[PDB]
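Here the structure is laid out as structure tokens; the discussion comes afterwards.
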Amino acid sequence: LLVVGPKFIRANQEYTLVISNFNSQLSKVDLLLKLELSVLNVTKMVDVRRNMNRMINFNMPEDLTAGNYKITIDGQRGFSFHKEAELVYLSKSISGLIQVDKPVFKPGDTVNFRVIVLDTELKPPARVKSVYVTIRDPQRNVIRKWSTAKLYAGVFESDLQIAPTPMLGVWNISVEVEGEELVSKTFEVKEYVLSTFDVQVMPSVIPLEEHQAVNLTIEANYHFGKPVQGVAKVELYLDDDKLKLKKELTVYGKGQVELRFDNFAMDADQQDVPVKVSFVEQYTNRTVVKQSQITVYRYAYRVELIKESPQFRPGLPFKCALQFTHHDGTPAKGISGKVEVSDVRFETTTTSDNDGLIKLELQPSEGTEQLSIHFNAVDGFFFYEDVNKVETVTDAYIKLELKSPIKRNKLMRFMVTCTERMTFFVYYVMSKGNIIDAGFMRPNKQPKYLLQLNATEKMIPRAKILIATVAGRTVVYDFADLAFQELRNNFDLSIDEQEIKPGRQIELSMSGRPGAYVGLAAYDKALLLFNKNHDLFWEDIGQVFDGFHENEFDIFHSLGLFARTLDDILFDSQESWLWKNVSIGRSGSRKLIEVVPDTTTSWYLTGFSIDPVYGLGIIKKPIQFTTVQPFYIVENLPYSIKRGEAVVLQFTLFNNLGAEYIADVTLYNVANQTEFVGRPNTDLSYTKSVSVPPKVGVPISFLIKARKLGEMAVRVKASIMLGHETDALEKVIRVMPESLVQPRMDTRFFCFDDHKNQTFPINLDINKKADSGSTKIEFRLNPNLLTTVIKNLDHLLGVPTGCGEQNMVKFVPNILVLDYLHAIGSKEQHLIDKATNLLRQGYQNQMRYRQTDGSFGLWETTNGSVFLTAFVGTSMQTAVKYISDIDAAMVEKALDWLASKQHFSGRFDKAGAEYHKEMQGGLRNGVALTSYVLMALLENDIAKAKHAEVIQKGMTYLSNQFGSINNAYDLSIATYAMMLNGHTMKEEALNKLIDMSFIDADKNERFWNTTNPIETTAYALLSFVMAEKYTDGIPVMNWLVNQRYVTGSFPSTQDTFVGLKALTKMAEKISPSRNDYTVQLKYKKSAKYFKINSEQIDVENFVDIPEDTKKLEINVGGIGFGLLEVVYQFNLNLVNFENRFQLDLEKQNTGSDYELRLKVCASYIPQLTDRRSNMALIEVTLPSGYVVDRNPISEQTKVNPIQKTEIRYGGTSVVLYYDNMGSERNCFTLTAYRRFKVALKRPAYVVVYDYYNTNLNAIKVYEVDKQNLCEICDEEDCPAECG
Ligand SMILES: *[C@@H]1O[C@H](CO)[C@@H](O[C@@H]2O[C@H](CO)[C@@H](O)[C@H](O)[C@H]2NC(C)=O)[C@H](O)[C@H]1NC(C)=O
Ligand SMILES: *[C@@H]1O[C@H](CO)[C@@H](O)[C@H](O)[C@H]1NC(C)=O
Ligand SMILES: *[C@@H]1O[C@H](CO)[C@@H](O)[C@H](O)[C@H]1NC(C)=O
Ligand SMILES: *[C@@H]1O[C@H](CO)[C@@H](O)[C@H](O)[C@H]1NC(C)=O
Ligand code: NA
Ligand code: NA
Ligand code: NA
């Protein structure tokens, strides 16, 4: 008995079981058919006659939920039979696919993805108009939602920008239909900081015994792609002889090495020789070891026998071919020899054809027992394989062959061929996972049978057909697709039959259905290599085109069904390129034309098509080709250097042509930036030549000095055959001063209602110590507080910001900008877009600090902070105005956490580490923090409404504490909260705050002198604004405006958030409707003129560079608002200093000139009640040419752990973060390597400072063993004073 039914069950589809009775004992067989959570309970007493099959239909009830489903077939009466099958229920009629342009992404880049939705017919579902797609990070935060993502021909396409500092790990693209997951796909985001490199070792030509040698390509690269320089020790082991061949060579990224054998004579046609390569990186001595087995071959080709079927049929023709291939898998053409099969007296002397085949049609007589296929070539090569005859028990097969094409209402014709003379065989045809038709066929003891079937409409547009019989005591089958070509998407993609060449263009040719959507994608196998262990898109898409998917291929599994039979019967057995979508257009074809990227790599090109009617069309296999750059140059530069330092700029050349060529490398002196040591400053370029053999990196370098601070352009051109082949690069080195220059900005504003003339004099000479070189100074006119801010929105501070609080510079300022230019109703679209986009990036970024709590902490993982949770939570709520990507539930969770932290009395205490003493401290009854939390909730209407209880209790607390609030910081916040709340005590609170204010009468300044004067003065200004005290507010603004950092922000984080809010609020209310003024800048002997006449000025520069002068005169005349700024760029000497910190450095003895181990110890100097600092950072600066490795920090003290290590400026600077410091000694050791040759180097330094009060800091200088200029140069450019 043979029982075949579908394996998958649906809500309405008729389930058709087929039972075939080929048993010749009885005349009929009787069967019980149980089909059974307890939702289905259908049974049928069924009769099946001999030499026939029955088809039993089952109506599936509409209300079928998920559960456990079974089918049971029991032989009733005098016939034992028990068979059983698991039946998988399917909820949906549709299937989903996600295509991602890359498997791994880096911090910078964009994820592009497409969501494919096809129904059972493999076409866009008519019902499904849109989908729900959500992307979340490695910790499941929702970063991007598309609630209603429209399908266009079944496809939805979109992208996500990855943040500069994103969550590393596995991200999830999730697709949902009607609130149920249809498809999920992951992708990785990884860091390039994998400074470890990988070594490749492969033969450069395939080794033949006759060569008596092995030629090897050794290749060493970092993951990003840059070549590594080192020394490679190559060993090759001959163990039969106890031999060991050794060679060493310097490898500049890529090298060749020939190892010569002695009397090498293999016992077989093949021998594996083990090779070991130790690659020692240049200065670091980082060693990577790579091993492989290298096969030496006697012949340049191999033969295998490819047979039409594993065994032959005694009287019938037998088709096979001798397949010749080279040892790289490619066809080997023109290989000649003599084939002979003596059993049949067959013989032919011929050569392998263009496909590498020698085709054979042999003819065994029934007599013939086996076929001995001999091949002998004059080179001594021989190949023999025996073919045996078919043995019914193990060898029997049945095959299916389509004899006519397949059309709508026509007969389909098949030749069924079996090894056995058939008394029966069975067919089944299934479409959309159900058996549509089946038959019991009775050949009259015949090996061949012409099967004919009418194509029915339920078979349209795609069906398949299974045939099966019993031979011996095993079930043999075959199958075929039934693809109706007239109803198909006949999609095809092809590439022009030529060498595809980097930089040049190529033409893509494609054909299909006129309307059809086409999705294209190309991946380099380098990106596929590292992670092919996960699910490829092309395998997914190609599978769905066919059927279903460990162990071995089960045809029934894949066809969507199960088989069962008698117990004793067996069954037989680095940017994305060509991410384009297009349409096929009028003629049924399109030709897309594209530029091939300038890179050496191998491509995997893919294309699919979906037609709204004809559905899914796919290409057979992916298109493959390689692009090989003839010639290129790779740079290897330090991130930064300093003026006066002699630096070697090292490059490496690569030649991929067939011969050795002299390369000419030119380094340019761009805008007087570059001195070439040993030649005049007037020279604009320097050219050196070097020979470059094929496939061997050769180094080239230039000894230079930098003339100018800033960005040095590194402009190089290289060529080989009189310029028939060139490469160029445009790169950057940062030239820096000795001391981290600390810019001062003096600013004065004017706000003219009526036509006014005013003359502002400015003295400059408060600007020198012992050495200042020559401080450089610039005047700036700005129409708005936000012009420089908006300009600098991504880089507002000159201080690191890697902590939860600090990280809000990438978020809050964007809100300030947006909600200011909304209040003024600005139409400057570019500006709004910019702040909007960065706000989005900032959300992604802030999420790093969300805790399991639902709270926000100072570090990626730490106890939540009530300050931070109030700060972030409310700030995000505000941000819902401008971006839709904010997770509301996530915000609610944060604010609930915050609300639960409140005390019965209404008071808030700190939680987690104390990084900001003045805010978090509980030395003044918790007024600051309580006031802040209330303030933050008060600023947002939605939060106000949803946490009325917290505000009420909070305001009661303040009301109780008011008489004791003696600290201007606390009072300024409490007052502002009261103003927002309209608390009866607001007028009283503000009067008190005013009473504590200070004055500078000479400058018309009002401010508050606390240890954080910017914050408290800013909070006071908000209250002034809220109380409409505009005239008394200008002296306050006068002061604040003048504490601003060069970018328009304030030098620090909270200073910036409160400060800009306050300035911006005050600005909106005091500045005229229109700006119409003239500014005359008079200095020494000159006069510069500026005119501002628009109000919608904002993206406007009015920079100017005063020279080394003493005085300055600014005459303003007209109407409007403006900022008059002077910027100083001091160049103070680099000197040891300490104020309230102790910092000691010591260099440890490494025993290598190329390694620096710097021991750092810092501690705070406690005084009176001030025992610990705020959050403290250490920055370590390196000498020019040094780089830190992967984990540069060791021997950390444990008392007070480093909470964060950040490596920046190409491993040139290391920032370490602490919650705070006291008198404990916080030490660590930093390891760095000398990576670049630099002479006459300037000293480096280490800093420690209190983040929220940078006046408290220490700085210590250090020097590394000074390299000599005479060691640094190559003999050509070594100057006069050397030798
Ligand atoms: C690439 O596919 C996109 C859809 O992902 C096509 O853009 C759509 O074009 C149709 C025109 O019928 C509009 O109704 C949609 O609004 C467009 N969608 C979006 C979001 O752009 C686009 O035409 C395709 N590209 C080409 C040139 O063939
Ligand atoms: C991706 O999303 C779905 C549902 O959210 C889930 O099945 C799957 O586990 C997720 N993948 C990962 C890596 O968490
Ligand atoms: C092995 O390398 C050397 C140096 O390139 C070359 O001359 C020799 O021909 C190579 N062997 C083969 C068989 O290519
Ligand atoms: C690496 O080895 C070289 C050569 O032996 C030596 O000069 C150098 O000191 C070593 N570097 C380190 C980091 O130990
Ligand atoms: Na806190
Ligand atoms: Na001042
Ligand atoms: Na030096």
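Following the order of the structure tokens, chains are lettered A, B, ..., residues in each are numbered from 1, and ligands are numbered from 1.
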
Give me the chain A side of the contact with ligand 3, cut-off 10 Å, one line per residue showing its nearest atom pair and distance in Å at one decimal, counting only C-alpha atoms and all ligand atoms, sorted by chain and residue number, as a tab-separated table.
```
residue	atom	partner	partner_atom_place_in_ligand_line	distance
A:203	CA	ligand 3	1 (C)	9.6
A:204	CA	ligand 3	14 (O)	7.7
A:205	CA	ligand 3	14 (O)	5.7
A:206	CA	ligand 3	13 (C)	7.6
A:207	CA	ligand 3	13 (C)	7.1
A:208	CA	ligand 3	13 (C)	7.7
A:210	CA	ligand 3	13 (C)	9.0
A:211	CA	ligand 3	13 (C)	5.9
A:212	CA	ligand 3	13 (C)	9.2
A:213	CA	ligand 3	11 (N)	7.5
A:214	CA	ligand 3	1 (C)	7.0
A:215	CA	ligand 3	1 (C)	4.8
A:216	CA	ligand 3	1 (C)	8.1
A:217	CA	ligand 3	2 (O)	9.9
A:256	CA	ligand 3	5 (O)	7.4
A:257	CA	ligand 3	2 (O)	7.3
A:258	CA	ligand 3	2 (O)	5.7
A:259	CA	ligand 3	1 (C)	8.5
A:260	CA	ligand 3	1 (C)	9.3
A:693	CA	ligand 3	5 (O)	9.1
A:694	CA	ligand 3	5 (O)	8.9
A:695	CA	ligand 3	5 (O)	9.9
```

7 Å from ligand 1 is the threshold here; counting only C-alpha atoms and all ligand atoms, which polymer residues fall inside it? Answer as a list in words.
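Written in the requested form, the residues are residues 152, 155, 156, 157, 581, 582 and 583 of chain A.
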
What gap, in Å, lies between CA of residue 765 (chain A) and CA of residue 1044 (chain A)?
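One can read the CA of residue 765 (chain A) to CA of residue 1044 (chain A) distance as 19.8 Å.
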
Show me which residues line ligand 4, defined as having an atom within 8 Å of a ligand atom where only C-alpha atoms and all ligand atoms count, and present them as a PyMOL selection string.
chain A and resi 282-285+1150-1155+1233

Keeping C-alpha atoms for every residue in the selection just given, could you write it to a file as a compact mmCIF listing (two decimals), in the first residue's frame?
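part.txt, written as the output of this step:
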```
# COMPACT_ATOMS: atom_id res chain seq x y z
CA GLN A 282 56.41 45.23 11.77
CA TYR A 283 56.78 47.17 15.01
CA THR A 284 54.19 45.54 17.22
CA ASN A 285 55.55 42.06 16.45
CA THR A 1150 59.49 48.15 27.65
CA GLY A 1151 62.79 46.93 26.18
CA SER A 1152 61.68 48.05 22.70
CA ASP A 1153 62.08 51.48 21.12
CA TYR A 1154 58.67 50.94 19.43
CA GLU A 1155 56.64 50.38 22.58
CA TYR A 1233 53.25 51.41 19.51
```

Set the cut-off to 9 Å, count only C-alpha atoms and all ligand atoms, and list whatever residues fall near ligand 5 as a ChimeraX atom specification.
/A:857,864-870,908-916,919-921,929
